[PDB]
Amino acid sequence: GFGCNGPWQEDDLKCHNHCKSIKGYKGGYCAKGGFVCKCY
């Protein structure tokens, strides 16, 4: 989820922004077709 949600929508920046709100995560990207929002 987290704004990306899946292929239909897939807002990468939403995923990015989600991770921005987490401790010290730099950014975020949809790992498996929008579904999962992975952070680094």
# chains A, B, ... in the order shown; residues from 1 in each chain; ligands from 1
call {"tool": "residues_around", "arguments": {"residues": "residue 30 (chain A)", "least_positions_apart": "5", "cutoff": "9 Å", "atoms": "only C-alpha atoms", "output": "VMD selection string"}}
result
chain A and resid 4 to 6 10 to 12 15 to 16 35 to 39
call {"tool": "select_by_dssp", "arguments": {"residues": "chain A", "states": "strand (DSSP E)", "output": "list in words"}}
result
residues 28, 29, 30, 37, 38 and 39 of chain A
call {"tool": "write_last_selection", "arguments": {"atoms": "N, CA and C atoms", "output": "PDB file, in the first residue's frame"}}
result
ATOM      1  N   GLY A  28      11.840   5.617  -0.563  1.00  0.00           N
ATOM      2  CA  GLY A  28      11.044   4.420  -0.709  1.00  0.00           C
ATOM      3  C   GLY A  28      10.674   4.156  -2.147  1.00  0.00           C
ATOM      4  N   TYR A  29      10.517   2.891  -2.488  1.00  0.00           N
ATOM      5  CA  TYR A  29      10.161   2.500  -3.837  1.00  0.00           C
ATOM      6  C   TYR A  29       9.285   1.262  -3.812  1.00  0.00           C
ATOM      7  N   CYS A  30       8.423   1.150  -4.801  1.00  0.00           N
ATOM      8  CA  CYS A  30       7.566  -0.012  -4.928  1.00  0.00           C
ATOM      9  C   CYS A  30       8.391  -1.186  -5.437  1.00  0.00           C
ATOM     10  N   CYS A  37       5.784  -1.284  -0.538  1.00  0.00           N
ATOM     11  CA  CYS A  37       6.584  -0.082  -0.419  1.00  0.00           C
ATOM     12  C   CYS A  37       7.841  -0.372   0.394  1.00  0.00           C
ATOM     13  N   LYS A  38       8.935  -0.614  -0.302  1.00  0.00           N
ATOM     14  CA  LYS A  38      10.207  -0.900   0.343  1.00  0.00           C
ATOM     15  C   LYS A  38      10.980   0.393   0.573  1.00  0.00           C
ATOM     16  N   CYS A  39      11.686   0.455   1.688  1.00  0.00           N
ATOM     17  CA  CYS A  39      12.388   1.667   2.094  1.00  0.00           C
ATOM     18  C   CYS A  39      13.868   1.375   2.302  1.00  0.00           C
TER      19      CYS A  39
END
call {"tool": "atom_distance", "arguments": {"atom1": "CA of residue 26 (chain A)", "atom2": "CA of residue 1 (chain A)"}}
result
18.2 Å
call {"tool": "select_by_dssp", "arguments": {"residues": "chain A", "states": "helix (DSSP H, G or I)", "output": "MDAnalysis selection string"}}
result
chainID A and resid 12:20
